[PDB]
Each structure stands twice: as structure tokens, then as C-alpha cells.
2 protein chains.
Amino acid sequence: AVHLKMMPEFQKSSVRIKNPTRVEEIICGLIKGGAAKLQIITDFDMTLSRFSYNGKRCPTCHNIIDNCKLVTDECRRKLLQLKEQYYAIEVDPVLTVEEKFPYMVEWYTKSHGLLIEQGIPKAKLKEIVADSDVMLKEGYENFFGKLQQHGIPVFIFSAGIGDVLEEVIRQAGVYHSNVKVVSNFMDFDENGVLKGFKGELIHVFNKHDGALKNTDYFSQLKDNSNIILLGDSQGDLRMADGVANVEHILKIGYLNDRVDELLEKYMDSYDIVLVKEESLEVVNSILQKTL
Amino acid sequence: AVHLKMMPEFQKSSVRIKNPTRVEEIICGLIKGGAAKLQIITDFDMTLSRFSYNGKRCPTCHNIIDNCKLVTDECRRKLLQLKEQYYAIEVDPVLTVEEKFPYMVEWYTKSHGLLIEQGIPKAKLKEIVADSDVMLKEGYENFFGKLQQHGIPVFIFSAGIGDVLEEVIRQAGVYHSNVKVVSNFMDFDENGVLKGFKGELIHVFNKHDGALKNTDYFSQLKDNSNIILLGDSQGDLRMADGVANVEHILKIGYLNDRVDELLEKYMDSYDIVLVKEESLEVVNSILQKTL
């Protein structure tokens, strides 16, 4: 069995739960299934990466290219106005999510374009990531390691830059065979320099659309009917709209920003909310009782 | 330029090269391609695993099951006996690959089907391999390491047993995202019990078939025209078939059994031959230069 009142990880004040007797139950079924039935669907930025360190703000994959020694100060500035002006649409309390889709496209298409202009080549991505300031949440070792141990499919579904994400986890030594990454990848040129991006622009709001185009990968994992979903946004809540068959599913969500803003929303959608947190020990603990 | 006279690895008493100048340009072809244009295609048993150790010839994927503690000495007799027969044909200098062909299937059908009679639980393959005496060739943590850090694709094409192979490399901690395994994967029932095998059998003489039956993978790598191929038999020379276009390709073959009998057969078909050897330094040294 399982009890959250007895799990030291669920006693910190940065762990809110609306339906506690809901969590324990879902976790119990996750045990009955163990590894054989386990599946994990995860976002990357601010979920598997840190939102903040030593009090300082940590970078997203896109940022690693925004603060690299290849982009100009006028790009960062021009990119900054982009966020300043578009974040406001993202966090618009009245307009509904659908009435934003076109925006994200412009936001990205406009933020990537500045990188497509800076002439950034694959060659420097390994070098650049080699010294950036990114950080995987505390316990990134127990997480990826227990999963690879029990062959638990991990589907990282990110609206960031795939090539950067793949270089980060590779350097952290966790990019194992069980990890599948689906993100916005670069469509480089002849000199190994960036020239564009592949396919549809995956962004914070179309996860519903991105997930469905992968039913492919999902029907193949029929026996992995139990899934834990790690996300940091409402949009990440759709990251699993394409799983073949579902017996149990836990929605763990990080609320790293606008804290005194969306707490009730998170308690409703996600089963578990992690308010201002930089560790995976909680999910690593649920995996302990499960694997 | 490339000169094998100076690369120490090419000076060991386990390196027999028919024509080194041809071997030196090919390697030189690999070097002019770089990472972005390289991919690996290798057999597993006796290639990435050892032929013998401490004195006793190391086990193959199947051997790990054969001798498992879940297989009765009776199950082993029927299995071991089922080997003392077809092998006599498997290495019958009389017959040809065309004839020996239908024989193999029978052997594999008889071997697996027997293992199927023992009711092997997927959940226990970990302990089984965890105590077996399997040996990965010398210099592998690095082999898999240089390749994973460079993002190089590795296609392990094995006529052994899928799941067992995955566990051996997983425990050695080298089963990275860049490693793609294609083998004879077993299937389980309700309580995870070995019932049958997925897809079309892969045996020691028809890798050309499987090589074709993997378009998505290679089509996605139609750009990696430089290839290093590693095998332990003539049949492994076909492993690079599903390969769309090839600029440069280096084939390296290990000879661990019947040395005096087959030595000349391997020299006339493998650019670089590694006679009775348990290390990969000749290939790791090529990677050190190439990447």
C-alpha cells in the first residue's frame, strides 16, 4: 500500500494536493503494475531543468542560444521585446487558449528567425552547452537512472530546441536508450550551420496537436498503460492525449512562477502540484514504491 | 594522410590486412567524412562480446539462457544436444550458405521453442544476466562513450536474443540513446511468459533481409554515408544493405573460432581482420582520429 502522510517527500509545504486519497490510489495501481506497465510523459524546460539556482534565474534551451557567444546584443534585445510583448498574450486571463495559437507561431517564428540570422552551427552547440548555466532538477540522477533500470519509456515532449535539449542530457549522462525526445529540431545547412527548423512549430499550447501525431509511438507501448505526466504548464496537460490504453495516470506539475496567481487552477488540473521546487525526489520516490 | 605503419594498434599480432593501402584510404575516407557523416553497424555476439575468458569460451545471448538457472539440465541437454547437431552443419565445409540456410531456421525454431517451454519471466532476465559471465570486449565503456557524446548512430544487428542483449548493455551502462537494437525479440503472455518471437527471424545468414526491413531508420540516416561495420562472420558483411548511399565504408571482422581454417576467408572479405582478439582498440583508435 501507500500513504502520503507517511512519505517524507509529501510533507514539505511546496507540495499541494486537492484530492489526496486520489493520489495514493493512483500510486497504488502504479505499484500493482510495476515496471512492465509503467510509462512516463514529460516536458523538459522548467520541469526537468531548473527554474532557478543560487537565487538566480536559470535558462531554457532557447536561452542557451540567447546567451551564447554567437548571438548579438541587438538580437537579445529584439528577442526580449518579443517576450515582453508576447508573454502578455500567453498570460492573458480573459482570452481563451485557442485564441492564442496564432500568436505563439509569430512569437517563435520571430524568436527563432533571429537565431537563423545569427548563423549558429551545430559544431558550437556541444561547445556552447559544455559551459552554459543550465541545471537539471535535483535528483536528475535517481530519476533517469531508475527509469533506464526498469526500461520505463520516457517521452520528453518539449516546445524548446531539440538539439540543445539532446546536448544537455547527453552531458548530464542520462540520455539513455529509453529516452525519446520530440521537440523543435534544427534543419541545418551545408556548413553545419543552422538554417531553419523541422516540421510544425510545437509550442506551449498545441500539445494536443503534437501528441496526436505520435499515437504511432504510443500504440506500440500497449502494455505500458500506467503513466505519470510531469509538466509545468496547463498546456502540458495535453501531452498525453494520444496514449494507447490508460489504466492509471498521475499529473505532477511544477508551478515555478506567478505562484500567487494560478494555484487553484493547478490543484484542479494536476493531481500533485510542486510550488517553487528544484528537485525530482518526489517523483523519484513514487518510482521507488513502483519499480 | 593515413599510415597504418604508425598506428600502434595496427601493429598487434591480431591484425591481418590483405591490402593496407586500400585499408588506409578507406579509413582516410572515414576521416574526410567526419562525425555528421558516420554511423555504426555491428553484430553483437563475439563482436561486442567476448569469445572466451578465464579459459572458458564466453556465452552468447542464447548461451545466457541455455545455462540459466531457469533451464533444467534436461532443458539444457535437449538444447545443448540441439546444438551438437546443426552446428556440425552450420560449419559443414561441404554444404553452402544456400543449403545451410533452411537448417538454421530449424535450429532457432527448436532452440527458442524449448526456452518457451521453461516459462521465462521477463521480470527475472535482470537477475539472470546480472549473474551470468558475459564479457564485453576490452575498451567498450569508451567505445560506447565516444559514440554517445558525438551523437553517432549505432545499429546493433544481432541474430541472438533481443531482450537479453538489451539487459547486458544496460547493466554495463552503455545502452545510450544513440544505440538502436534490432534482434530476435521474445514475446510474453498474461503474467509475462515467453510464448513466441516478434517479427521475422534473424539468423546468421540473412541480415541483408533485416537490413532492408529497416527503411525509416536508414532513410533518416541517408546522409550518414560513412560506415564502420563490425562482425564475426561472413554473413555480417550484409548488415549494411539497407544503407541508401555510401561514400566511405570500413569493414572490420573478428575471427575467434577455427582460425587456421577460416583465416584466409576473412582476409579476402574483411579489409581489417582481428584474429583471436578480445579488444576493440583497433576500432576505438579509428574513432579517436575520425571524431
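Chain letters run A, B, ... following the sequence lines, proteins first, then strands; residues in each count from 1. Computed over heavy atoms, backbone and side chain alike; hydrogens, waters and symmetry mates excluded.
Defined by atom type and a distance below 3.5 Å, a donor-acceptor pair is present between the side-chain atoms of A/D236 and A/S233. With 3.5 Å as the limit, one finds no donor-acceptor pair spanning the side chains of A/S225 and A/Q39. In this model, a donor atom of one side chain and an acceptor atom of the other lie less than 3.5 Å apart for B/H62 and B/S111.
The two atoms that bring A/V174 and A/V179 nearest to each other are O-CG2, 4.0 Å, heavy atoms only.
Here the CD1-CG distance, from A/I40 to A/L229, works out to 9.0 Å after rounding to the nearest 0.5 Å. Atoms OH and CG, from A/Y254 and A/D45 in turn, are 13.5 Å apart once rounded to the nearest 0.5 Å. The CD1 atom of B/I152 sits 8.0 Å away from the CG atom of B/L287 when rounded to the nearest 0.5 Å.
Test B/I65, B/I64, B/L125, B/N184 against B/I161 for side chain to side chain contact (heavy atoms under 4.5 Å, CB included) and you get one pass: B/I65. Among B/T60, B/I169, B/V181, the single residue meeting the side chain to side chain contact (heavy atoms under 4.5 Å, CB included) criterion with B/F44 is B/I169.
No close placement of the A/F144 and A/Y175 rings is indicated, their centers lying 6.0 Å or farther apart. A/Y217 has its ring centre less than 6.0 Å from the ring centre of A/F155.
Legend: residues meeting side-chain hydrogen bond (donor to acceptor under 3.5 Å, both in side chains) with A/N214, ordered by chain and number and at least two apart, are absent. Remark: A/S52 engages no residue in a side-chain hydrogen bond (donor to acceptor under 3.5 Å, both in side chains) (not counting sequence neighbours).
For residues 162-174 of chain A, every residue pair satisfying the salt bridge (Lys or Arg N to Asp or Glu O under 4.0 Å) rule, not counting sequence neighbours, is listed here: A/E167-A/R170. Counting only residues at least two apart or in different chains, salt bridge (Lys or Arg N to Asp or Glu O under 4.0 Å) contacts with residues 185-204 of chain B comprise B/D187-B/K198, B/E200-B/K213. Within the structure, salt bridge (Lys or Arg N to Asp or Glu O under 4.0 Å) pairs that include any residue of residues 131-158 of chain A comprise A/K137-A/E278 (at least two apart or interchain).
The local environment of NZ in A/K122 is sparse, with at most 12 non-hydrogen atoms from other residues, nucleotides or ligands closer than 6.0 Å.
A 4.5 Å side-chain heavy-atom check between B/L201 and B/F197 finds every atom pair outside the cut-off. Contact annotation: the side chain of A/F205 approaches that of A/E90 to within less than 4.5 Å [non-hydrogen atoms, C-beta and beyond]. A heavy-atom distance below 4.5 Å is found between the side chains of A/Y270 and A/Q234.
For the pair A/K207 and A/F157, the cation-pi test (distance below 6.0 Å, angle within 45°) is passed.
Note on ring orientation: taking the six-membered ring where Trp is involved, the planes of A/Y108 and A/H203 are tilted (angle from 30° to 60°).
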When the side chains of residues 22-35 of chain A are checked against the rest of the protein, which donor-acceptor pairs come out under 3.5 Å, sequence neighbours left out?
residue	atom	partner	partner atom	Å
A/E24	OE1	A/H3	ND1	3.0
A/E24	OE2	A/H3	ND1	2.7
A/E24	OE2	A/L4	N	2.4

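A salt bridge does not link A/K265 with A/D268: every distance from a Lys NZ or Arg NE/NH1/NH2 to an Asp or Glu carboxylate oxygen is 4.0 Å or more.
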